[PDB]
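Right under this line is the structure:
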């Protein structure tokens, strides 16, 4: 999935916010890896994507 | 009848068991390093992890 930088911290166990609560939620006992990187050069447009 | 200390051997047993139970209950109000002694305050103030 694609999210905002201020929402990257929400892809973690126990977090709250519009993404953690309504789009994608991890279990409290989640085991695994959360990998994130900047995609501004690929997803952004001057008109807005 | 006259000597109030005559039965101390039994009164000490009663008092020691009463003190042990009162101490055990009083320990429930301690924090042991936690922010609060009440589980509901911890659950409502902090996120799961």
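Residue numbers (full-length UniProt numbering), protein chains in the order written: chain E, 400 to 448; chain L, 939 to 987.
By construction, the Cβ of each residue, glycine as well, lies at the ideal position given by its N, Cα and C atoms.
So, is residue i buried or exposed, given that buried needs 16 or more other C-beta atoms within 10 angstroms?
i                      : result
residue 949 of chain L : exposed
residue 957 of chain L : exposed
residue 965 of chain L : exposed
residue 418 of chain E : buried
residue 980 of chain L : exposed
residue 434 of chain E : exposed
residue 973 of chain L : exposed
Give the C-beta separation of residue i and residue j to the nearest angstrom, bearing in mind that I take them to be a contact with Cβ-Cβ under 8 Å.
i                      : j                      : result
residue 986 of chain L : residue 420 of chain E : Their Cβ separation, rounded to whole angstroms, is 13 Å, which puts residue 986 of chain L and residue 420 of chain E out of contact at 8 Å.
residue 968 of chain L : residue 975 of chain L : 6 Å
residue 442 of chain E : residue 401 of chain E : 6 Å
Which first and last residues belong to the alpha helix (DSSP H) in which residue i is found?
i                      : result
residue 962 of chain L : 946-964
residue 451 of chain E : Outside the modelled stretch of chain E, which goes from 400 to 448, sits residue 451 of chain E, for which no answer is possible.
residue 994 of chain L : No answer is possible for residue 994 of chain L: it lies beyond the span of chain L, which begins at 939 and ends at 987.
residue 421 of chain E : 417-421
residue 439 of chain E : 439-442
Can you check whether the C-beta of residue i is within less than 8 Å of a C-beta belonging to chain E?
i                      : result
residue 979 of chain L : no
residue 950 of chain L : no
residue 942 of chain L : no
For the stretch 413-429 of chain E, which residues have a CB atom closer than 9 Å to at least one CB atom of chain L, in sequence order? 413, 414, 415, 427
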